[PDB]
Amino acid sequence: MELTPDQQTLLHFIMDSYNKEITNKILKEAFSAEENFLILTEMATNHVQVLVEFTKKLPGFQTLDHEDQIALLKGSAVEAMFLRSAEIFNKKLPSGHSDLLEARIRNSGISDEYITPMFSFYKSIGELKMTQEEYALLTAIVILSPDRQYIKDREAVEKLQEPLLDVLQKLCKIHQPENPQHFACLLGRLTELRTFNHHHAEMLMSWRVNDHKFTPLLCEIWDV
Amino acid sequence: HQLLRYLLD
Ligand SMILES: O=C(/C=C/c1ccc(F)cc1)N(C(=O)NC1CCCCC1)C1CCCCC1
């Protein structure tokens, strides 16, 4: 039971659009809570820009109604950002880069009560040993969620999400054959990923209180 | 809103 030709076409489309980076020059800037926050918001803005570009290329996305396209993008932005962060946390980066990124996020006005779950979730993801295909598919599945608020046509979204889940199930069998619970483990992490919507909203209101200002794109997608 | 619609189109 390998991938069918239409599944191979679907997977390649997802892969090509996913591999089109958030980290420019983190290093060129000084370390202090103010600069760490600005770097953080600059990387989150870059991530939203690449998310919109990936989303508009998902097969069938352009066929959906304009309002449902916006509901899917706003509803997924925070989860997709935590998933991408978990991918980067587990990415083999040069000697120091991960440590600088990690140190910047710990000194950016975020309470350690959010940092603890965040990094626990990130460590939990790395133990799964996901391939670039698993991260690309999981992102597409997160974006094409039929249970987001303000979707007028939910069956249309489910029709797009369904083939992606079928592909992910098959990849788990191919790439993780000794762990038959791997697919169920990935969907368990999606459930854990949804808890960050609440945590993010809390971090946002703490930043607002300390008069932090966000970039125009983050203001629109996060409703700040 | 407008910025998201601009980026989507
Ligand atoms: O934990 C985050 C992100 C946290 C965050 C961002 C915005 C926000 F409102 C609350 C939390 N990391 C990240 O690199 N974030 C960047 C921006 C987003 C897109 C990915 C890059 C890790 C830090 C540790 C090294 C691996 C990465």
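Here, residue 1 is simply the first one shown, and the rest follow in order.
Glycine residues also receive a Cβ, built from the backbone N, Cα and C atoms like all the rest.
Here Swiss-Prot flags A:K28 as SUMO1 cross-link, drawing on a curator's inference. Under DSSP, A:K28 (SUMO1 cross-link) is assigned to coil, being neither helix nor strand in the three-state scheme.
Sequence annotations record features per position, and here Swiss-Prot assigns chenodeoxycholate binding site to A:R84, A:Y114, A:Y122, A:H200. Under the DSSP three-state reduction, A:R84 (chenodeoxycholate binding site) is assigned to helix.
Residues or ranges marked as phosphothreonine by Swiss-Prot: A:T195. Other Cβ atoms within 10 Å of the Cβ of A:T195 (phosphothreonine) number 13 in total over all chains.
Its Cβ placed at the centre, A:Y114 (chenodeoxycholate binding site) has 16 other Cβ atoms within 10 Å. Gap check: 5 residues are unmodelled from A:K20 to A:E21, and the C-alpha separation across it is 8 Å.
Here the recorded positions are A:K28, A:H200, and the one with the most other Cβ atoms within 10 Å of its Cβ is A:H200. In this structure the alpha carbons, written CA, of A:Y114 (chenodeoxycholate binding site) and A:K28 (SUMO1 cross-link) are 27 Å apart. Of all Cβ atoms in the shown protein chains, 18 besides its own fall within 10 Å of the Cβ of A:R84 (chenodeoxycholate binding site). In sequence order, A:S85, A:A86, A:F89, A:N90 are the residues near A:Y122 (chenodeoxycholate binding site), counting only same-chain partners six or more apart with C-beta under 8 A.
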